[PDB]
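Just one chain is shown here, as structure tokens, and it is the form deposited in one PDB entry.
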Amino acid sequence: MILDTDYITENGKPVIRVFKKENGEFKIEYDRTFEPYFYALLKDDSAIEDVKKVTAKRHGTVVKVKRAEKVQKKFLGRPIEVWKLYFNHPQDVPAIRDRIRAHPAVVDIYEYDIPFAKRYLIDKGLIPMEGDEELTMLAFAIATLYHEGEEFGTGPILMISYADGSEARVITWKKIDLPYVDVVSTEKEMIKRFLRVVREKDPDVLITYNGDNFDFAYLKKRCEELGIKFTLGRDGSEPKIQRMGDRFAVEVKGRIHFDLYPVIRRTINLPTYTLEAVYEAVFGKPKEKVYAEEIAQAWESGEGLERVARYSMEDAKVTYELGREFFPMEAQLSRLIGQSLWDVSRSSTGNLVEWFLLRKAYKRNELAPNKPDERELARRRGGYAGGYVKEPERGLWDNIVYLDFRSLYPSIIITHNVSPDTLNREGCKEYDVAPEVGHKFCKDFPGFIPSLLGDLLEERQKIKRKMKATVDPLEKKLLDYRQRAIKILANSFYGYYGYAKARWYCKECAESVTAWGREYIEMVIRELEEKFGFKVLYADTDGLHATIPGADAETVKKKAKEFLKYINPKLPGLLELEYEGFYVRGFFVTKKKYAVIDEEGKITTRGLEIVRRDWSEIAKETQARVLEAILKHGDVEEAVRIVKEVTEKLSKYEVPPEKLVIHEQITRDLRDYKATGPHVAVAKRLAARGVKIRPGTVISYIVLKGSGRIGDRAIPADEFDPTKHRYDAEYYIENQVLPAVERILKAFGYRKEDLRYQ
């Protein structure tokens, strides 16, 4: 099984390394034969003789074109003749590419920014993570001596916990009488023992939770302070701390550093992403949190360090269990994209689509278009029309069927051959013409992306079958994440068409897909309501809720299924409308916001404050209870009583602060907020107190009693002292609870005055 590639430099020449696991043995394979290259398109071939003479000077050594070779390739399906320029070292390509491009005979250059080791994986047809090879894994975590406002890493590490399938242990340097603690003499000894555990266990995978940004950097700093070589690489190397935008990522040569946070952050939607909150969300069970003060208070007194050791051991054990659950999903994406698990687990979905396309283009001899320059970016700025959203019917409806197209946009792309290499391709036998926007797509030959999307859909359907048949609820949920992941990837091929920085950008493709989408769903709404007696209650892009007014549950189900058998034979290609759900009762508040209840009594909520991380829990809890009373008990006065009870508790300061916290992400550097709302105001004030705030920081705040700008009374949630400050009851009533529940209860004739406390 291939894990990763890189290259090293020996005597000026690049040597590729393939890291592999085979029959239980770790192997490094060296390849000295691979030559870096890019392509130049010339005004004509006589110019190759002058183009070959372009040089560049890098660090006092002359970079030259090693060898030029004329090749025939396709570009958007059309023959093209380009010159393949070979070089003696990968660094030669960035040193020379601008000067090759500036040559007056050179129309353009291509495939000049592809990292050498990834170029090798693609060109040699190598797919990481293929095979039945069983890989060993090891999680670890650290506990540090923290005091607020010191520079990063000034405090000693106190404990290092690690866990695999067989054990979970804590290494520390103070006496804790627990069976899973190993006490050693010093912090230096603790780290050195951790290093030996990893050398001796020799895991293929190292699992952390935010190791990219905290754990490895802390260890590195302590190793520097104590004079330790931080050997974890299988080749003796230290961890390599590469930059990724505003964050970092940490590589361990010969192993896969699997940092869970990026994967968790993009898979699960939570208001905060503590390890405790993630563990609870995945496994449905609590994890205790011991805080930095509690840690420091224990360390400096000697007392109650058992709890700290327990907390550390659980960190590692939970990190391991989370790692085991999610690794198969990342391994599969790794095989689908053809890049290392280390890369795919950290990559944006945009880069994944691009890397997939680059590989497939190589197999097809399709020259890749370039990422756009600033001028082309500028001319790509226009938007385009998206999906149709029907304003919902007001009120409480019974016997609601939910119908929804399977993999709609990908299905449109394949069925209508929507691709840049088919757009307005001239002199063709057959065309599909997009409605409204008019773009013509040739059907004579399969388009590049259309030809690739099917397998993705089949891969998703294969997972979905395994899911719906899987009994164990935890495995079923992880299979649900997995099938959603392949679904999001498939739809990201559509979105890639309208992505400004995309290589195979094609706005005409993007807007053709949405245009077909609007026509299909509006045709379904029309057929249902004009011919089959349904009332469509709500509709969003490719799905719809409908009922037959006055009909019993089984009549609606029967007519809905009859409609599916009437409509689907009339749909072209892969287009299929699916029966997705039936709800005995349901309520549509506005576009994007509704709630239904199935025959088993489960309420499904969309878009309502219940669902959002940025509303307080007292607002979301109360909304949930109101919805249950209405949807499950039919009882609206209970709902009203519920609200009136909660507003009475807020007034009397009888609601606990936890339910008052608002959570909002900082999404950008603090300095380029054009407007400063509460979470930004809090952030900036923490920033001024020397706290690192960066994109992805989740601000947690509570609004104190006062008047004026909310931002002037918002404080960090952890600073709310219920004795010294009092929360702003009026704010939580009139700005949190009542807006959330009034949007529901107004349907029943209730006004806010009906809901407040005396």
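Don't overthink the numbering: it's just position in the shown sequence, from 1.
The next section is about a form of this same protein that is not shown, the form deposited in another entry.
Considering the chain's movement between the shown form and the other one as two rigid blocks, residue 669 travels with residue 325. Relative to this form, the distance between the C-alpha atoms of residue 484 and residue 338 is reduced by at least 3 angstroms in the other form. Between the C-alpha atoms of residue 129 and residue 475, a gap narrowed by no less than 3 Å is obtained in the other form, as opposed to the form on display.
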